Amino acid sequence: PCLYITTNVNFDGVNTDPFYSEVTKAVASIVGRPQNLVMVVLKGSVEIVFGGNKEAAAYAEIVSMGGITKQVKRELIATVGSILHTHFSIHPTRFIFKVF
Amino acid sequence: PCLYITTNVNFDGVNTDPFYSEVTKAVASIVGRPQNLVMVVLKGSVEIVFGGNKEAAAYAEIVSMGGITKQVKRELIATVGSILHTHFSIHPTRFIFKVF
Amino acid sequence: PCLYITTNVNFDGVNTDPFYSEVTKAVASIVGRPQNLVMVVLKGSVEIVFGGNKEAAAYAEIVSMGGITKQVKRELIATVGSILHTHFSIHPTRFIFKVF
């Protein structure tokens, strides 16, 4: 599974490894795959507009080589949204997550 | 709905707010959603090759949380392509738009 | 067809035209379209984590305006993965390729 994240947050001088560690373990647990086979692509400093302003926001897509369930989708959106919120102060209300 | 745009145009020192204002109102009107719930992700300065050259070009994807129609797809491609053309001189012949 | 490539490889001071030339001809031959109608979007210097490390890696998506076959998908993954390997030393084991 590949989690591709695009956000307007600037990661200059930010240690993103605490995030990668938590997200990769969390996604791996949710989808039921080994943590080493979760690819994370994190692209910051991309201009975003949402809600009529440029507050911290993110768009993410996850591509899983296999079907999933409604509950797995709910858990992914909730968990990734929380981890993004906890680490980068992207509020879940400004997080759009396509689950492919 | 999230409109994710990737282009080789350089937005250094460019006021993109006139574009965000027109595109968000236009997309909102076409898909029938409030303008504040249209996310726009605009990533410039990405190398693109098309038609054998590197002239101004763009790839875009729109993710709508609901079905649409053939006419809505036509209107989105025509309208977004025009707004990109008008504001950033990306010619619609060099605009590839995936409507998810 | 549009081939959108995201990688952690840094293309500063790299001539990417040898790559564009080979990939566009190879994709065009595989999918059966003129080489001038293959768009390539190559975005480097994007942080990626896979296999628990940040070695050279890439995520790619190809959007074809028409159906394809299992064999065409196999040929695209094998061929693009090889060209990325040959030119940018991205090993195919660290190449995730979504064929839409």
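Here Cβ is always computed from backbone atoms with ideal geometry, including for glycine, and neighbour counts include all displayed protein chains. Taken together, the values in this text are just the output of simple stated rules run on the coordinates, not laboratory data.
Annotation: amide H of A:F97 within the under-5 Å range of A:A60, sequence separation 5 or more or interchain, hydrogens built in the peptide plane. Sorted ascending by nearby beta carbons within 10 Å, beginning with the fewest, C:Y4, C:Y59 become C:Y4, C:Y59. Computed from label points 7 Å out along Cα-Cβ, the spacing between B:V14 and B:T93 is 2.0 nm. Closest approach of any chain B Cβ to the axis that rotates B onto C belongs to B:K43, 5, distance given in whole Å. Shown for C:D17, B:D12: other C-beta atoms within 10 Å of each C-beta, ranked fewest to most, produce the order B:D12, C:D17.
The relative contact order of region A:2-99, computed from alpha carbon pairs under 8 Å that lie at least 6 residues apart in sequence, is 37 percent. Rounded to the nearest 20, the size of the Cβ-charge dipole of region A:2-99 about its Cα centre is 380 debye, with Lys and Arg at +1 and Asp and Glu at -1.
Give the angle, between 0 and 90 degrees and rounded to the nearest 10, that separates the Cα long axis of helix C:17-31 from the longest principal axis of the Cα atoms of chain C. Its long axis makes an angle of about 40 degrees. Scanning residues 5 or more positions from C:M39 or on other chains, those with amide H under 5 Å from its amide H are C:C2, C:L3, with H placed 1.01 Å from N in the peptide plane. Between this copy and the others, label points of C:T69 are 3.7, 3.7 nm apart in ascending order, each placed 7 angstrom from Cα in the Cβ direction. For B:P34, the point set 7 Å out from Cα toward Cβ sits 4.7, 4.7 nm from its twins in the other copies, listed from shortest up. Summed over all non-identical Cα pairs, the Kirkwood treatment of region C:30-81 gives a radius of 13.4 Å. Computing FRET efficiency as 1/(1 + (r/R0)^6) for A:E22 and B:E55, where r is the C-beta to C-beta distance and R0 is 51 Å, gives about 0.75.
If you wrap the tightest convex hull around every Cα atom of chain C and split its volume per residue, you get 88 Å³. Remark: label point of C:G13 defined 7 Å out from Cα along the Cα-Cβ vector; separations to the same position in other copies 2.6, 2.6 nm, ascending. Among A:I96, C:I77, a tally of other beta-carbon atoms within 10 Å of each Cβ gives an order, fewest to most, of C:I77, A:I96. Per residue of the protein assembly as shown, the DSSP helices (runs of n ≥ 4 H) give a summed -39500 (n - 2.57) that works out to -11500 deg cm²/dmol at 222 nm. Only beta bridges with both residues in the protein assembly as shown are counted; by DSSP, about 50 percent of them are antiparallel. Each residue of the protein assembly as shown gets 135 Å³ once the volume of the Cα convex hull is shared out per residue. For chain C, the longest principal axis of the C-alpha atoms and the axis of helix C:70-88 are separated by about 40°.
Selection among C:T69, C:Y20, C:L42 by position relative to the dipole of region C:2-99 gives C:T69 as farthest towards the positive end (Cβ unit charges, Cα centre).
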